[PDB]
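Let me begin by presenting the structure, written as structure tokens, before commenting on it.
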Amino acid sequence: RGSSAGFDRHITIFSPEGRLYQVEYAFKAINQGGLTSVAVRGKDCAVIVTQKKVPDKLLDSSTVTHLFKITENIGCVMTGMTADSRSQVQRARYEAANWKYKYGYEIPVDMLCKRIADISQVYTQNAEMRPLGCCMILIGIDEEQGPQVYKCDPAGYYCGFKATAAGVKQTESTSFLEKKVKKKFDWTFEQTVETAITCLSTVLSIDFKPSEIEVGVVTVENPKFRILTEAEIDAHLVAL
Amino acid sequence: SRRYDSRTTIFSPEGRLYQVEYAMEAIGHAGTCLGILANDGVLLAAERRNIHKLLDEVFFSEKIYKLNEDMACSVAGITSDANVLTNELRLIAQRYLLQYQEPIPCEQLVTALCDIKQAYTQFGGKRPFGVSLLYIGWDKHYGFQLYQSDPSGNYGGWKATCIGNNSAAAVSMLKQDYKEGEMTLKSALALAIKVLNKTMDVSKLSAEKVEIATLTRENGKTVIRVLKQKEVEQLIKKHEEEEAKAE
Amino acid sequence: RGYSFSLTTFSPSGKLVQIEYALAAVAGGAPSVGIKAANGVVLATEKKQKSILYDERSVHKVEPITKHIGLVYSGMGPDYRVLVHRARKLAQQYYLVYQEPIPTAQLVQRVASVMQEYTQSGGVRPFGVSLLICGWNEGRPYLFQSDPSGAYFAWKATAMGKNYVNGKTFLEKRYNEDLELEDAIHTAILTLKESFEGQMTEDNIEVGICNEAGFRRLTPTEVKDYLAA
Amino acid sequence: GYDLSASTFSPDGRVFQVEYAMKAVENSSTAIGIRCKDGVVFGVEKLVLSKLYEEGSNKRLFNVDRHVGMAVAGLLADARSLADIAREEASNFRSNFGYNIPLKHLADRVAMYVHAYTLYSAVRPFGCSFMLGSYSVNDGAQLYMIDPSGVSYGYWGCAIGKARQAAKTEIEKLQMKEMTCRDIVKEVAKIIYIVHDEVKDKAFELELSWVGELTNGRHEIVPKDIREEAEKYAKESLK
Amino acid sequence: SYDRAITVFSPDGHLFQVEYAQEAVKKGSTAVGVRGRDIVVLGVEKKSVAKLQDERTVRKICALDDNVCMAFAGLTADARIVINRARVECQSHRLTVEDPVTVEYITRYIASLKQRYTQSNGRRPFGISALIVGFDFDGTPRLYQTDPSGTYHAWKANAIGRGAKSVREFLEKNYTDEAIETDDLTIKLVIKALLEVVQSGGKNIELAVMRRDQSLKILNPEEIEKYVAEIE
Amino acid sequence: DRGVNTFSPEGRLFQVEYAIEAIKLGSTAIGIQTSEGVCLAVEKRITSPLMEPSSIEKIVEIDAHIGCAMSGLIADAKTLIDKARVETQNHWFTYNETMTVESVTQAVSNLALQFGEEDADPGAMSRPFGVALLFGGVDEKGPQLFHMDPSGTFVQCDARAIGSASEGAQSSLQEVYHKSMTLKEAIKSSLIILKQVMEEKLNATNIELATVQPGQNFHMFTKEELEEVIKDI
Amino acid sequence: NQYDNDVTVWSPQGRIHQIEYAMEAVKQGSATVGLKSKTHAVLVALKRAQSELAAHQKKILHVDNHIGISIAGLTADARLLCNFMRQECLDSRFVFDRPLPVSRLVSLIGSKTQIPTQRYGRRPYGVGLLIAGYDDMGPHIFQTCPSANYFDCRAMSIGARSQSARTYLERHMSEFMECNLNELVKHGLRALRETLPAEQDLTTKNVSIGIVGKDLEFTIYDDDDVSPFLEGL
Amino acid sequence: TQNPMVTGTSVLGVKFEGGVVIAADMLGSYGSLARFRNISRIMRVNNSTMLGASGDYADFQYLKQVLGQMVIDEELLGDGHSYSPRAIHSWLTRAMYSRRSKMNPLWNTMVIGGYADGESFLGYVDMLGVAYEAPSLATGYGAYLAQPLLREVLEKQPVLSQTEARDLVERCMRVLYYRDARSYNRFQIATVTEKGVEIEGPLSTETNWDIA
């Protein structure tokens, strides 16, 4: 089963069964932070709710965030190692800029995901560097496809999803979402936030308070990435 | 990093390059490839290893490759490395024809490749090429010539040589059957079937399981021709008849 | 910088284990099938998602390289995406010089060259993906396989990934030299079906076809029709 | 052997070379930083190993720009190296954009250079953690701390070193948001004196710096007179 | 570029990679060189005749230039690289000085290269020892030896490769003004020296002579047989 | 395991300490500095009668006023003696003056320790030089003798013995050396100590002696002159 | 064990053993003392002779008219740093036509000596230096370490048995500021003596003195020039 | 710059007892056209040194940023040392020569005036690396119209007060306005003393007489 021969588990090389243990250990890093992220797409909206844990009252909470703006219309939720995460947020922000400069139009969210996944794959084929222990869930509005939730992983794998989750409770969140979407999808409507807030709330048994979660949203009406304020998040939490 | 380096280009306590020796063991598990020099021409007879029924024949040959208009080569070892070395052999030949405007002499082409092979065995930190090539050709200095090269970068001219599986047994039979100075491509294309019928223990030569190429000079032009399966089948048939007659 | 030493080296028995291990990753990949008929080639792959939360129309396993050349794979999809880009860039470099579509055999050789480099270069592992390339050129259909070692093979019908040996045995008993692309599409679906485990659907499988018109990926709707019969 | 390179994750998802690098910062004396409404005051417990050392040797409070100051902990050689990086990043920002670099941008850019030393085996993670602090009329007071991993966060009061936890309890008993720099300097001195362990750590020189409306947005060392009043208050409070 | 140190000192001050190279030279065929008065003779053991092998392609005696020629023991592939470097060097010398290289000039260059491969990153020492023999413009017969370490010395007669000690012991007791007065006597000295190691005798012994102001001459198998019988 | 530049727990550098052991396996070379000049003597250590003793060069000339005695890996020295000769000629071309012996010893000792495998250079040295050098010359300061080791350390020595029997010739040297000693007395003292340490019987062909004197240039004694001194020895 | 052969490997306790090893090399060097008054900075070095017939070695060096250095550790690494310091001082007097502030030079050395301690395949510098210079900020004595850390010192001793000297310096440091050059030089000589093998004395052959001040360019007093200072102890 | 663009005219300098004074017009001309008429061609390098520049204004804007950072870099060390007026002059000579040798010159003639250690510094630097120190300096057409007058006064009375120096500078500025066609009647006067560098705002030679 877990056969090893050589530096199979120290550098990115195939195990006797072709497994690449180093990438597998980079997926264990995503769960070392302790936080879970949930992203759901609706009929005209894509939402990214993440768990916010400000451990000390001395830390400025305005600086403790996992939601990022790659471009005015592309938003990101990063789960895993914080410093590795800020590195990929920067590479995404740069690849998105270089795209508009060379092609003249904003990068599609699928195209940003593929570029980041292609760079991540090179860390899996070269032994000089470790893979990055972070997952990026990107959300945007495509002009011909509407709401788009895409996720890339430390292995170089990217895919589009109706709803996704990353972190410690990724599996439990997947099951919660893999039942609502089956019945009638994440009830399409900007109130698709309720599905995400309830998914994170249920898996991480907790009644979130306006300051314990961060919510980012992109809509066909307002396509620009927006981070909801505690008052807006409180409105949704009070509604449910 | 010194920890993950294998140190391929280094000596052993007994003055031995083990990466080169291990690569040579790889060559000894590949399809038998035999070369016989005759007075009228030179021949290469390889054992086909891709013999599945769902394989499509889409090329001139699988083991034989034309490198010039007067030179051809068969390979035994790692196919991927052979594709690299055959492409380099073709460029060395074209680069010489550009500088002098004459076809490259055969030993000059073999030396160029063996110089590249030897460099991977002394410096670079990379594995050697696990491919031994049998080269056949004609030049206006020595005429029809057969050569063999090894992963060590060491080459040698031969009258008859074999590389691959059961190669030693073949060299033995060629040694007791080759008549230097009295070999015609007919008797050469005959000893080939005899050696292959012994080296290839897998049943009897089946024509689909073997490839035969001949280099001859016809009207001041070198012609390399891979014998058609009909011709190979006739050869295998004659060998069976002869063996039965001697019984 | 980076490691300049080969991570793939010869073992005492004369074998490169790293490529053997890359072929283990190719055999643990999802089942893939290729059939060269007389009027075209069909490339079919099992595309089963882990959940209903995956957009099946987001990422594709059957991908076009030129307009006559298409590819499928079995192994690591991230490593496949690298080889798809290089195949397209090599195919364009050919057109820029000879101003003609690249022969499928020339594309397989050029791609196989890149794969062999990752077995002898320094600091890099071999590609854990075997590719099936289909192309139409000179009014003839071509089907070739490419191994992680850099070795390429021409096939009339072949299977890769899980249950590839049993799949090749099925294709050996079903493949007929005189077939049409439509009959070929059925046999390819049957081969994947033998090793599918579930209900093959227009979204559980992905099929691509190459003909005189060129390469294309059968729409989920078109595949729905074939699965019906 | 999963802990010999920063290019290797353990079978659990951890890079132990970076955890070992931060053990070096926890073996250093404490450096505390407190943000108020008027700006930021930095304080360091500079242990004096040899009495044959001039006053000010091995200083751990640096001026990375006219408006930015850097407190450091762990290896001083690595820390001095990152001060050069911060000084160069600020210089190039002023030459390219033509203004004083925002502390968040300076923090983000330095944190990325630190994180670049946590991915390859050709280099070792930095063995130092630092706090960058600044004050501008448009941005106000800002305090950011960077760790050997390369994580940067903004704080109201941070503490790096061997007594970070005890120092944090003391800093958390303060209403910095309402206090001013002139009043914070005495509190920084009180905490550094309360966290210092004379029984083990022999003697130390209290180092104090600040940037604020009083310094007109300029990082500077607290005037000797103000530092002395602070130390007298500190010792008296310990009583 | 791979820049690891292959050749490094060991406790006790031993460069083992250089010692391993000399072990390869000891596994090589025996090469013998006798410096006479008007003839320098170089003879090599043709290990196995092979029977089906063109000898013109496996010759271990080569000519670096019109006045210089060398024999080698050890790896044949490393030797071809060294011979080509020395051949190019002799021509570059004739172009920058307009005179034939001296036997020791080329011996010094071959040694200096064989040395840099023992103190350069990413390289393994050359597993070959050479016997550079020629005639200086003054007309002095010259015999030099190079080691995988880059060390070179002049000799009246030496032997390299398998059975070097035995052959050199023989040459130590059989070298004299007497066994060097006649060109034929010089040739039979090398022949007898190899016959001490060579088992076949005559059939498995290549030999070459470079008389003054004359090109290298490869003695034909019949000529070698003539001396082998006279030496019996 | 350990790379070329790794310090020992005693902070010594292993490759530099194994190169010093490499010298202990070299032919003994003695150097004595007197007011009347400097004498350099070495043991040829011939291996076979068929070898040409002249081919063994252990005392070389860097310039008309500077000679060098080597012990250890002789091939390693070739590159070091080449640097010394070029540096002396470069000093002449630039300043039209003879280079001092300390300046030549400092220029060569700087090439030592300039080794490593971390892409230090395209033609970087991989290991230390396993050779010890005894530079003897006459500058504006008079007869001077300096000793350089594989550690890059150079010292001015009045009398110094390097090689296999240094741990014995140095004791004999410190028992027979007087600042007022003449060059002739020094030359005889070198041969006497060498004859003792040498395993073979000292003769005019198994030893090499050279001298740099205030007015005369570097002079390698020929068999005739060597025989005269060896007669008294 | 596996944490003490590279400088890019932190130990499980947050320590680079290779820097600790390189720091051992300096403690394995002849003691060197350095003290400063209000106007002068003196460097006293205990030269060590390899043999009774060998010059000591030269432990004090010139960098610029206002700066001089005493060495402890590998002399080759010391020369490499001395050249970097000499060029940085030449560059300063060529661009600003002003002597380089001594404090700023120490900052440059610590930056150059830190790089090799964080890169794979590179070794820490194995030289501890006591720098003495005069500037618009008065006399300065600094001590550099192989770890790349440097310290502004009122007085310092680096080398073997240097704790004996640092004990004397700590006891008498109070009177050094208001001291004449000869009183200051004799204080340093006394401390260097406290680092001498019991039965040993400070002769003119085993001692060197370097001095710099408001009106004195760095001077290295050796041989007889040390007799004035030694006479009176 | 191989081709100067917007340029400035003459800059004057005179050392007095207690410091130095520099004067320049507030105008940048585009080949005869007074295009930018409210620009300062004077700069406070530090508290002891001031710099006035003639020639390409973009080349001066480049020097203000490079010398400005060089001073910020030094004042971050807190070592107690600072660039002196003479050290700034040495750096500028090295910079102008370095660029002239690369054949990419900074088209600028600078006057560096400083005060340190009770000594007044006034140095001249051209684009070819020619530099010297003198009791008075006048770049451009002031070399032919203002320097003659300043040199006459500084010959009879070698040492001038601040009141005398300013009077003579204002007199030389008037003659430069009457006879320099690239001049302007708005100027700034900078004074370096023990108090530091002070720059006076838009001053006018309006004290012009036109008896035509």
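Labels for the structure tokens follow display order: chains A, B, ..., residues from 1 in each chain, ligands from 1.
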- Task: Excluding residue 65 (chain E) and residues on its chain fewer than 5 positions from it, collect all residues at most 12 Å away from it, counting only C-alpha atoms, and give them as JSON, numbers by chain.
- Result: {"E": [70, 83, 84, 85, 86, 87, 88, 89, 90, 91, 92, 93, 94, 99, 100, 101, 102, 103, 106, 132, 133, 134, 135, 210, 214, 215, 216]}
- Task: Write out as an MDAnalysis selection string all residues of region 29-176 of chain C that DSSP puts in strand (DSSP E or B) for this structure's backbone.
- Result: chainID C and resid 32:36 41:46 54 63:64 69:75 122 124 129:137 140:146 152:155 157:160
- May I have the residues within 12 Å of residue 201 (chain B) as a ChimeraX atom specification, using only C-alpha atoms and disregarding those fewer than 2 positions away in the same chain? /B:31-32,47,165-166,169-170,194-199,203-206,209
Same residues, N, CA and C atoms, output as a PDB file, in the first residue's frame:
ATOM      1  N   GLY B  31      15.774  -6.422 -27.862  1.00  0.00           N
ATOM      2  CA  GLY B  31      15.690  -7.320 -29.029  1.00  0.00           C
ATOM      3  C   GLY B  31      17.034  -7.526 -29.695  1.00  0.00           C
ATOM      4  N   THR B  32      17.362  -8.776 -30.022  1.00  0.00           N
ATOM      5  CA  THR B  32      18.640  -9.108 -30.696  1.00  0.00           C
ATOM      6  C   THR B  32      18.765  -8.328 -32.002  1.00  0.00           C
ATOM      7  N   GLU B  47      15.411  -8.149 -34.127  1.00  0.00           N
ATOM      8  CA  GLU B  47      14.232  -8.949 -33.709  1.00  0.00           C
ATOM      9  C   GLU B  47      13.121  -7.984 -33.290  1.00  0.00           C
ATOM     10  N   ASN B 165      19.518  -9.359 -26.731  1.00  0.00           N
ATOM     11  CA  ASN B 165      19.305 -10.630 -25.991  1.00  0.00           C
ATOM     12  C   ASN B 165      20.072 -11.759 -26.681  1.00  0.00           C
ATOM     13  N   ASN B 166      20.561 -12.732 -25.910  1.00  0.00           N
ATOM     14  CA  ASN B 166      21.261 -13.907 -26.494  1.00  0.00           C
ATOM     15  C   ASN B 166      22.298 -13.424 -27.507  1.00  0.00           C
ATOM     16  N   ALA B 169      25.627 -15.764 -27.579  1.00  0.00           N
ATOM     17  CA  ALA B 169      25.435 -17.013 -28.346  1.00  0.00           C
ATOM     18  C   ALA B 169      25.561 -16.706 -29.835  1.00  0.00           C
ATOM     19  N   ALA B 170      24.996 -15.581 -30.270  1.00  0.00           N
ATOM     20  CA  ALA B 170      25.044 -15.199 -31.696  1.00  0.00           C
ATOM     21  C   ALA B 170      26.497 -15.000 -32.119  1.00  0.00           C
ATOM     22  N   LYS B 194      19.935 -17.972 -39.721  1.00  0.00           N
ATOM     23  CA  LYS B 194      20.467 -19.066 -38.871  1.00  0.00           C
ATOM     24  C   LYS B 194      20.678 -18.537 -37.452  1.00  0.00           C
ATOM     25  N   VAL B 195      21.364 -17.402 -37.318  1.00  0.00           N
ATOM     26  CA  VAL B 195      21.673 -16.852 -35.968  1.00  0.00           C
ATOM     27  C   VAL B 195      20.360 -16.463 -35.284  1.00  0.00           C
ATOM     28  N   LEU B 196      19.472 -15.771 -36.004  1.00  0.00           N
ATOM     29  CA  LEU B 196      18.185 -15.325 -35.414  1.00  0.00           C
ATOM     30  C   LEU B 196      17.375 -16.552 -34.993  1.00  0.00           C
ATOM     31  N   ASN B 197      17.460 -17.638 -35.761  1.00  0.00           N
ATOM     32  CA  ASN B 197      16.673 -18.861 -35.453  1.00  0.00           C
ATOM     33  C   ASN B 197      17.182 -19.483 -34.150  1.00  0.00           C
ATOM     34  N   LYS B 198      18.369 -19.076 -33.695  1.00  0.00           N
ATOM     35  CA  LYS B 198      18.944 -19.636 -32.444  1.00  0.00           C
ATOM     36  C   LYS B 198      18.853 -18.596 -31.323  1.00  0.00           C
ATOM     37  N   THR B 199      19.133 -17.330 -31.633  1.00  0.00           N
ATOM     38  CA  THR B 199      19.060 -16.246 -30.621  1.00  0.00           C
ATOM     39  C   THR B 199      17.606 -16.035 -30.199  1.00  0.00           C
ATOM     40  N   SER B 203       9.914 -19.753 -30.527  1.00  0.00           N
ATOM     41  CA  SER B 203       9.487 -20.499 -31.741  1.00  0.00           C
ATOM     42  C   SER B 203      10.516 -20.327 -32.862  1.00  0.00           C
ATOM     43  N   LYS B 204      10.049 -20.281 -34.113  1.00  0.00           N
ATOM     44  CA  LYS B 204      10.960 -20.098 -35.274  1.00  0.00           C
ATOM     45  C   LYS B 204      10.768 -18.683 -35.828  1.00  0.00           C
ATOM     46  N   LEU B 205      11.754 -18.169 -36.567  1.00  0.00           N
ATOM     47  CA  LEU B 205      11.600 -16.831 -37.189  1.00  0.00           C
ATOM     48  C   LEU B 205      10.244 -16.797 -37.901  1.00  0.00           C
ATOM     49  N   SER B 206       9.463 -15.735 -37.694  1.00  0.00           N
ATOM     50  CA  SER B 206       8.097 -15.687 -38.276  1.00  0.00           C
ATOM     51  C   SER B 206       7.968 -14.514 -39.248  1.00  0.00           C
ATOM     52  N   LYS B 209       8.312 -11.189 -36.975  1.00  0.00           N
ATOM     53  CA  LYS B 209       9.083 -11.022 -35.717  1.00  0.00           C
ATOM     54  C   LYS B 209      10.515 -10.571 -36.016  1.00  0.00           C
TER      55      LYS B 209
END
- Residue neighbourhood region 203-216 of chain F, 9 Å, only C-alpha atoms, exclusion window fewer than 2 positions, as a ChimeraX atom specification: /F:35-46,53-54,57-60,64-67,136-139,142-143,183,187,190-191,194-195,200-201,218-227,230
Output for the residues just chosen: C-alpha atoms as a tab-separated table (two decimals), in the first residue's frame:
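Now in selection.tsv:
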chain	number	residue	atom	x	y	z
F	35	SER	CA	73.06	36.55	4.91
F	36	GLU	CA	75.06	35.20	1.91
F	37	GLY	CA	71.84	33.83	0.34
F	38	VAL	CA	69.14	31.12	0.55
F	39	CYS	CA	69.70	27.39	-0.19
F	40	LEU	CA	66.81	25.12	-1.30
F	41	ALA	CA	67.42	21.32	-1.20
F	42	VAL	CA	64.91	18.50	-1.99
F	43	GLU	CA	64.93	14.66	-2.19
F	44	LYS	CA	64.22	13.47	-5.78
F	45	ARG	CA	62.81	10.11	-4.49
F	46	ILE	CA	63.49	8.19	-7.77
F	53	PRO	CA	66.15	11.72	-12.71
F	54	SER	CA	66.19	15.12	-14.52
F	57	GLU	CA	61.57	18.93	-10.88
F	58	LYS	CA	61.00	19.78	-7.17
F	59	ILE	CA	62.93	23.12	-7.19
F	60	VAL	CA	61.60	25.63	-9.78
F	64	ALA	CA	65.87	35.31	-11.49
F	65	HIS	CA	65.73	36.17	-7.75
F	66	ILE	CA	63.06	33.65	-6.60
F	67	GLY	CA	63.10	29.83	-6.45
F	136	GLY	CA	63.48	31.44	-1.32
F	137	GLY	CA	64.65	34.72	-2.84
F	138	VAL	CA	66.57	38.01	-2.46
F	139	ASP	CA	64.58	41.29	-2.40
F	142	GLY	CA	68.05	40.65	1.51
F	143	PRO	CA	67.98	36.81	1.39
F	183	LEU	CA	75.81	29.79	2.62
F	187	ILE	CA	74.45	24.01	1.90
F	190	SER	CA	71.05	20.81	4.23
F	191	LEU	CA	72.72	17.77	2.58
F	194	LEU	CA	68.72	15.23	4.03
F	195	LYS	CA	71.16	12.25	3.90
F	200	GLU	CA	68.11	5.98	-0.25
F	201	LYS	CA	71.87	6.81	-0.07
F	218	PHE	CA	68.66	31.44	-9.00
F	219	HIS	CA	71.19	28.63	-9.62
F	220	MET	CA	70.36	24.88	-9.72
F	221	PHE	CA	73.61	23.04	-8.77
F	222	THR	CA	74.75	20.59	-11.51
F	223	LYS	CA	75.99	17.03	-10.82
F	224	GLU	CA	79.63	18.28	-10.82
F	225	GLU	CA	78.99	20.99	-8.17
F	226	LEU	CA	76.61	18.71	-6.20
F	227	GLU	CA	79.30	15.96	-6.20
F	230	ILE	CA	78.42	15.56	-1.33
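Proximity of B:139, B:182, B:56, B:62 to residue 107 (chain B), computed with only C-alpha atoms, is greatest for B:139.
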Give me, as a Markdown table, each residue of chain E that comes within 12 Å of chain G, together with its shortest interatomic pair and the distance in Å at one decimal, counting only C-alpha atoms, with rows ordered by chain and rising residue number.
| residue | atom | partner | partner_atom | distance |
| --- | --- | --- | --- | --- |
| E:3 | CA | G:121 | CA | 10.5 |
| E:4 | CA | G:121 | CA | 9.7 |
| E:5 | CA | G:121 | CA | 11.0 |
- Message: as a PyMOL selection string, please: the residues near region 141-145 of chain A (cut-off 10 Å, only C-alpha atoms, same-chain neighbours under 3 positions excluded).
- Response: chain A and resi 44-46+73-74+107-110+148-149+218-225
- Message: Please determine, counting only C-alpha atoms, which residue among C:201, C:66, C:130, C:11 has the shortest atom-to-atom distance to residue 94 (chain C).
- Response: C:66
- Task: Compile the contact shell of residue 7 (chain F) as a ChimeraX atom specification: residues with an atom at most 9 Å away, counting only C-alpha atoms, same-chain residues fewer than 2 positions apart removed.
- Result: /F:5,9-14 /G:5,18-19,21-22,25,123-124,126
